[PDB]
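Novice: Chains as they are written, first to last, in PDB author numbering: chain B, 822 to 966, 979 to 1009; chain A, 44 to 170, 174 to 245, 247 to 933, 935 to 944, 946 to 960, 982 to 1011; chain a, 1 to 20. Please see the structure below; I have some questions.
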Ligand SMILES: [Zn+2]
């Protein structure tokens, strides 16, 4: 959608972001168009993905579950890869060396309703616990400041100083 | 007036004192003093009796203490037990009382518009339920039990018991459950009848009252006459004790005492006649000034240079109307404990030097002028303590000199001084050594406190060595004090003066707040400074090196700064989790000079290795001696560690203390002074250009000698408070290995520090204050120490209960919860007039203006450390407080048993109630902090 | 340097609700 169809940019990434024991979903896009237009396209893509999950069949849903199980249970091909996994589990201080088996065994139990409620609770535009942070990087020449329908977005709080942004916010605990 | 026997002519007061005074003596013998102040927000009153605990019956020890305890639980005209404290609490007032061997002083304060309403009942106190007695016995017993493991109490009662046992000085003044309840019940004594028959000594001829209020002297006169003319006069003679409790068989004796804390002290005592009647000269204050001196050529200078003593105290100690003492107490190093005989020998060498030189009229004159200046420019005291002090000293001095007797010296008589010096002789000495090295070498036990000690006779050979003491060249008379202020000029108020502190300088090096004194107009100043540096609290090693650096600095500057400290110019220098803290307070005449000297010693410090080892060992003894603190203090400490993000325990500091070395410290001082921030608050009798000159002086000295560079703003890291989860209860449990009593601290946490939440918490704490005291202490008699109030730290607040009791902390906690439900029902059934009465009481509590300069500068500094800079907080928060309604119920349902956001943490220090959930025991503080979130920081202004 | 106002243990105010 974001590369083959709309042709925003060459680099389009999306996936899980884990750091300091806390996680979230991340999208990374580099393009020529302004970041606000890019962000509207990302939101419209998010609603399109909501309708896609809603209209998704159980066989394809089980196909995604199985594909994620294959990606999670992919055995390391070399000693530096296995030691990279173990060293990740050590640096994270979670020490869950049997993580793949348990997380896949629980992955085969999830349901489309669980996914829908998760999206509507954490990722929707009107979600009660939405935690959104956007980083915009303008182009070089940009001075200082048939497509789907984009939803109405609230007024964002522009950050002036990172330290001031952090002092007024709480901190998450560590993973036991 | 017929009810007034006489009226004083005029009260000798200071020309700077705007309060009005009028002294008089009623027909019944009560010595009355009246103080009119039309500007005070709270009035006060105090009544003093001159009997005390030395007149207790021989079979009932502590009867006057128990009576003082008992007079607060209702009278004839007002029989309810806590109607007095409930009235004062509902009218923004408080009360208390103490009982010394020759006094029993009651005192209280209240709002200025209900002085008569409280004073009527306070007069009913002096014009006994069985259940109230049986209950309060446990409060007295918990008081004595609180005072059992206290070293000062142990040595005090041991000094009482080592004298003549037949003398009343040997009596036990506190009393306990045995002497008040168990023994009288075993001997068929009616304690209530003893209270009624003792309340033969509470005569009007031995009473001194002091009343301070906004009303006129005539209204106060008619009030005190009306309410106190009915006090019956029984003409009780004042008790005197001409025979000294220390006879010959008690003199020239050595007492080896084993303490609880690991302390090393030496006590020298000389029995002397009562010098009270010599208040016009004060030879005990003269000889105390010379002997206890700390400047060059003093005794403490030699005792410090020899590495035997660190601190010395010497002067006159009050005994009674017939006997007094003259004491010299010092601290002992590991070498001083073995050279006690040599230390005492140097003491008698200094005394012999004073006998050889003779009295010094120039020293007496210097003390006279210094005390005259310090008295003339004395800060305005608080009404309660002021009325209590004057009421206490009214029995000793006439009405005209009651305000200036203990302060102003007028006549110089050397016969008295030479007589006391003749009394300071080895044949009239008493020596007591306190050290742990006497453990297992004692054979005697004190009865009341169980103190282990040993009694020996001082060898006549040692006494002879003391008698042949020659003159020491290291002992010289102190020189002329160069810190005596001579410039009392009040700088005129600048046109740009601000009612609140203003930010007149904000650079990368420092941040300077300044305000010219516009309320007190006294020639004084408070100069506060805070030095931020991340190496101060980075780890226990660097924190220990910082405390050792500051302690070595103050110890090195003590001899030089003792003259300025004696000249009304004092300073405090303490380490904080954010960096150093230096405060210079006093007369601004010679303030910048001494301040410059202190900075010079900060940037040119040369560490002595002997002082380093002695002070290091002393700090080790302190961290070791924290285990003997009281259980509630341990609870506050543990709660502090739990709630703060970063905090090093005294076990970590104690373990890291052994790794501190002199090269590490000498390499650590310039590392600390290499990168600094400065936040200053200059508030006093100085101008803006003077404040800028002082600040620039400090900066230029620090840069010149220490090469100090400013800090990066991103390095200004404040600490957050641990955020408790919703409906979460955590309990940390430890044991107290010293006291046989248990402590407990319950803490409920709130969201943050905003106006609404502050007034919610403060209003609720105002409603539950007196009910908490009365329910947890007066009725149930859990313990002697019961406290409840708001707790603020790191910009987050909450409610805290602190109880010290014998009963287990789980029972105490269940009773706390049941009390919470009881207060829920009480507030739900409370009337709007009582609610608004608590609103008004809190408004008067918060809008109370500071009486002296140091309190105002302390409020400003309190608003600076929190980095909220809300100087108008009182007006805004009270203006919002008067708009609150019986919100408090929803606040109680939201933050305080089944609340959806209940945050509860309990600290249990080992020695109908609702059902409580299963608490999560805290095994490790670090895991506790890692598993829980942190609160944000309060935004700056 | 000199004995000050109530440096002994004699000062026993009935209740401590004014400290800290
Ligand atoms: Zn008491």
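Beta carbons: idealized from backbone N, C-alpha and C, even for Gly.
Taking C-beta to C-beta, are residue 549/A and residue 530/A nearer than 8 Å?
Specialist: As a working note, residue 549/A is residue 502 in the second chain. As a working note, residue 530/A is residue 483 in the second chain. Cβ atoms of residue 549/A and residue 530/A: not closer than 8 Å.
Novice: Cβ of residue 1006/A less than 8 Å from any chain B Cβ?
Specialist: Reading the second chain from its first residue, position 936 is the one you call residue 1006/A. Any Cβ of chain B closer than 8 Å to the Cβ of residue 1006/A would place that residue at the interface, and such an atom is present.
Novice: Got a list of residues with beta-carbon closer than 5 Å to any non-hydrogen atom of ligand 1, in chain order?
Specialist: Going down the chain, each residue whose beta-carbon is closer than 5 Å to a heavy atom of ligand 1 shows up: 12/a, 14/a.
Novice: Ignoring anything shorter than 4 residues or poking outside the region 598-681 of chain A, list the alpha helix (DSSP H) runs there in chain order.
Specialist: 605-613, 638-650, 656-672
Novice: In whole angstroms, what is the alpha-carbon distance linking residue 795/A and residue 135/A?
Specialist: Position 748 of the second chain holds residue 795/A. Position 92 of the second chain holds residue 135/A. About 25 Å.
Novice: Taking Cβ positions only, does residue 847/B come closer than 8 Å to chain A?
Specialist: Start at 1 with the first residue of the first chain, and residue 847/B comes out as number 26. Residue 847/B does not count as touching chain A.
Novice: Under 8 Å, CB to CB, which of the residues in the region 185-199 of chain A have a partner in chain a?
Specialist: 189, 193, 196, 198, 199
Novice: Which of the three DSSP states is assigned to residue 318/A in this structure?
Specialist: In the second chain, counting from the first residue as 1, residue 318/A sits at position 271. Strand, per DSSP.
Novice: So which residues on chain B does residue 1009/A lean against when the C-beta distance must stay under 9 Å?
Specialist: Counted from its first residue, the second chain places residue 1009/A at position 939. The contacting residues are 997, 1000, 1001.
Novice: Following the continuous alpha helix (DSSP H) through residue 184/A, name the residue where it begins and the one where it ends.
Specialist: Along the second chain, one-based indexing puts residue 184/A at 138. Per DSSP, residue 184/A belongs to the alpha helix (DSSP H) from 176-192.
Novice: When you check each C-beta in the region 766-778 of chain A against every C-beta of chain B, which residues fall closer than 9 Å?
Specialist: 767, 770
Novice: How would you list, in chain order, the residues of chain B whose beta-carbon sits under 7 Å from the beta-carbon of residue 761/A?
Specialist: As a first step, residue 761/A must be located in the second chain, where it is residue number 714. By Cβ distance, chain B contributes 996.
Novice: Determine the DSSP secondary structure at residue 695/A, reduced to helix, strand or coil.
Specialist: Here residue 695/A corresponds to residue number 648 of the second chain, with the count starting at 1. If DSSP states are grouped into helix, strand and coil, residue 695/A belongs with coil.
Novice: Any idea what DSSP makes of residue 927/B, helix, strand or coil?
Specialist: Reading the first chain from its first residue, position 106 is the one you call residue 927/B. Reduced to three states, the DSSP call for residue 927/B is helix.
Novice: Is residue 492/A helix, strand or coil by DSSP?
Specialist: The residue labelled residue 492/A in the question sits at position 445 within the second chain. Looking at residue 492/A - three-state DSSP - the assignment turns out to be strand.
Novice: On the three-state DSSP scale, how would you describe residue 362/A?
Specialist: The sequence position of residue 362/A within the second chain is 315, counting from 1. Strand at residue 362/A.
Novice: Assess, as a yes-or-no matter, whether the region 269-288 of chain A is touched by the region 341-350 of chain A under the definition of 3 or more beta carbon pairs within less than 8 Å.
Specialist: no
Novice: Starting from the Cα of residue 538/A, find the closest Cα among 635/A, 453/A, 468/A and give me that residue.
Specialist: Position 491 of the second chain, counted from the start, is the residue given in the question as residue 538/A. Ranking 635/A, 453/A, 468/A by Cα distance to residue 538/A puts 635/A first.
Novice: Should residue 610/A be flagged as near chain a, meaning a C-beta pair shorter than 8 Å?
Specialist: Working through the second chain from its first residue, we reach residue 610/A at position 563. Answer no: the Cβ-Cβ gap between residue 610/A and chain a never drops below 8 Å.
Novice: In terms of residue numbering, what span does the alpha helix (DSSP H) encompassing residue 416/A cover?
Specialist: Numbered from its first residue, the second chain carries residue 416/A at position 369. That run of the alpha helix (DSSP H) goes 408-423.
Novice: Which two residues bound the contiguous beta strand (DSSP E) that contains residue 505/A?
Specialist: Within the second chain, the letter at position 458 stands for residue 505/A. Run containing residue 505/A: none; DSSP gives neither H nor E here.
Novice: With burial defined as no fewer than 16 other Cβ atoms inside 10 Å of the residue's Cβ, what is the status of residue 52/A: buried or exposed?
Specialist: Against the second chain, residue 52/A aligns to sequence position 9. When all chains shown are included, residue 52/A counts as exposed.
Novice: With H, G and I counted as helix, E and B as strand and the rest as coil, what does DSSP make of residue 150/A?
Specialist: Here residue 150/A corresponds to residue number 107 of the second chain, with the count starting at 1. Residue state, collapsed to three classes: strand.
Novice: Start and end of the beta strand (DSSP E) containing residue 885/A?
Specialist: Counting from 1 along the second chain, the entry for residue 885/A is found at position 838. If you look at residue 885/A, you'll find it isn't in any beta strand (DSSP E); it sits in the alpha helix (DSSP H) that goes 879-893.
Novice: In angstroms with no decimal places, state the Cα-to-Cα distance between residue 903/B and residue 950/A.
Specialist: One-based indexing of the first chain puts residue 903/B at position 82. One-based indexing of the second chain puts residue 950/A at position 901. When rounded, the distance between both Cα atoms is 45 Å.
Novice: With distance defined between alpha-carbon atoms, name the residue in 1006/B, 1001/B, 942/B nearest to residue 1009/A.
Specialist: For the purposes of this step, residue 1009/A is taken as residue 939 along the second chain, with counting starting at 1. Answer by Cα proximity: 1001/B.
Novice: Report back the beta-carbon spacing between residue 89/A and residue 148/A to the nearest angstrom; my notes put them in contact at under 8 Å.
Specialist: Within the second chain, residue 89/A is the residue found at index 46, counting from 1. Within the second chain, residue 148/A is the residue found at index 105, counting from 1. About 7 Å; that satisfies the 8 Å criterion.
Novice: In whole angstroms, what is the alpha-carbon distance linking residue 423/A and residue 647/A?
Specialist: The residue labelled residue 423/A in the question sits at position 376 within the second chain. The residue labelled residue 647/A in the question sits at position 600 within the second chain. One C-alpha to the other measures close to 32 Å.
Novice: Since residue 371/A is in the beta strand (DSSP E), which residue starts that stretch and which ends it?
Specialist: Taking the first residue of the second chain as position 1, residue 371/A is located at position 324. Here the beta strand (DSSP E) through residue 371/A covers 370-378.
Novice: Who pairs with residue 257/A in a beta bridge, going by DSSP?
Specialist: Along the second chain, read from residue 1 onward, the residue named residue 257/A stands at position 210. For residue 257/A, which the question treats as bridged, DSSP gives the partners 76/A, 89/A.
Novice: Can you check DSSP and say which residues form a bridge with residue 560/A?
Specialist: Looking up residue 560/A in the second chain gives position 513. According to DSSP, which records beta bridges pairwise, residue 560/A is partnered with 550/A, 728/A.
Novice: For residue 684/A, which of helix, strand or coil comes out of DSSP?
Specialist: Along the second chain, read from residue 1 onward, the residue named residue 684/A stands at position 637. Three-state DSSP puts residue 684/A in a helix.
Novice: Comparing the C-beta of residue 111/A with each C-beta of chain a, is any distance below 8 Å?
Specialist: Within the second chain, residue 111/A is the residue found at index 68, counting from 1. At least one chain a Cβ lies under 8 Å of residue 111/A.
Novice: DSSP three-state call for residue 446/A: helix, strand or coil?
Specialist: What you label residue 446/A is simply residue 399 of the second chain in a count that begins at 1. DSSP places residue 446/A in coil when its eight states are reduced to three.
Novice: Chain a partners of residue 340/A, CB-CB under 8 Å?
Specialist: Here residue 340/A corresponds to residue number 293 of the second chain, with the count starting at 1. Simply 1.
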